[PDB]
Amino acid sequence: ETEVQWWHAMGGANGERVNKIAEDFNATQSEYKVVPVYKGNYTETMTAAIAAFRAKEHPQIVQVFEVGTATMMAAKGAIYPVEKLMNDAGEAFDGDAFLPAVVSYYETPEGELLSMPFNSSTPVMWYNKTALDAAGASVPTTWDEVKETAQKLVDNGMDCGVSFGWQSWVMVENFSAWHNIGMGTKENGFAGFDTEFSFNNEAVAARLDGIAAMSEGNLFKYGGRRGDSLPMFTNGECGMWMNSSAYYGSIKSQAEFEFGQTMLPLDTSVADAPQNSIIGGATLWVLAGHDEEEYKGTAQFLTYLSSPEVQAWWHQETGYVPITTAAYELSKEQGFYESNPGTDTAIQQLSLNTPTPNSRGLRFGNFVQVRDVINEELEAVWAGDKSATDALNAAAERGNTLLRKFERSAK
């Protein structure tokens, strides 16, 4: 058998599902063996695959999160464009089958998808319904209601009211799209490499300062980067938790309480109504430099991932959105949204309203490094070392230096 190495960043419950998907494909035919290899978080996985390339130890497939997309698109010569791979191997590829938000996020300016959609997400408001009921609180729709609900929870003995993971994705990037304000110039990077950051504005700063003020009395508690704060939610310590829809699998198996999810809170001091939310998660990039049989097996595996049945199963088990309209309709016909209430929140929120350039998503080179900058500066806010205005200004300044580095190399 010819081996197809797939380097990915899926840990926990969702990583076990990756292993089940790979092995199910392996069991259906006898020519190709997909070998999934966990390489760490998204940054570590991307970094490892790129570093392995010139050592010729790189995988056939690498999962690269949305953050890394501009960098991967500029890495011409390192990637095998998926549409070319599939045609070369005799496998179908129909980009129009994917959700419009996915296509618009990942297509080149010429309308091509270079990578294979797989695990797309958006952040949702997770909540502990059991704790809300005990506190006489209601599921919030606005930021005022978030604070009031947090107060009721902590008054009723909850360790803390609200927290969030992936804080830049949640409270800067999605917060901006949700309120139709720009994250950077040149349509959040889609219209040019001469972009600069725009999130250092009063609307974002005022909300971050309001959250920081909630640390007193434990209405808010910071719980670290990425998904580090997941056990604060699943242990029953915090009653509200904003993070990826893709924590559904983990929450469903680890939470001893009744849980739900709803759309992100609206900051009514910024907008009268929400816009839409934006993509997280990853796509699958096929790397150059391998042989024909390895690419044939790669393409056949991507076909296996292209089926509505596998796409619906992945969405149902993880909380990543159904990546095609067909997978969504299959899940609906299966009664999944009736039997598992709230699991259509993420797909609805991505497409809540006709998008604007501010709600399409983001496309910034060197955004892996910018993400560290923004997380560091937000941590300064929660620690009380900086105001949100100063921290966002520093994040934008430091981020712009990285955008300029990318622009200088990308010509």
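Note that residue numbering follows the sequence shown and begins at 1.
Relative to one another, 121 to 129 and 251 to 259 have unequal mean CA B-factors, and 251 to 259 is the one with the higher figure.
Higher mean CA temperature factor, per the PDB entry, when comparing 289 to 297 with 332 to 340: 332 to 340.
In the deposited coordinates, the residue among 193, 220, 98, 199 with the greatest CA B-factor is 193. Sorting 114, 321, 162, 213 by the CA temperature factor given in the entry leaves 213 at the top. In the deposited entry, the Cα temperature factor of residue 385 places it in the highest third of its chain's modelled residues. Ranked by C-alpha B-factor against the other modelled residues of its chain, residue 357 falls in the middle third. Residue-level temperature factors show residue 363 in the lowest third of its chain, judged at the C-alpha atom.
Sorting the modelled residues of the chain by their CA temperature factor places residue 93 in the highest third. In the deposited entry, the Cα temperature factor of residue 180 places it in the middle third of its chain's modelled residues.
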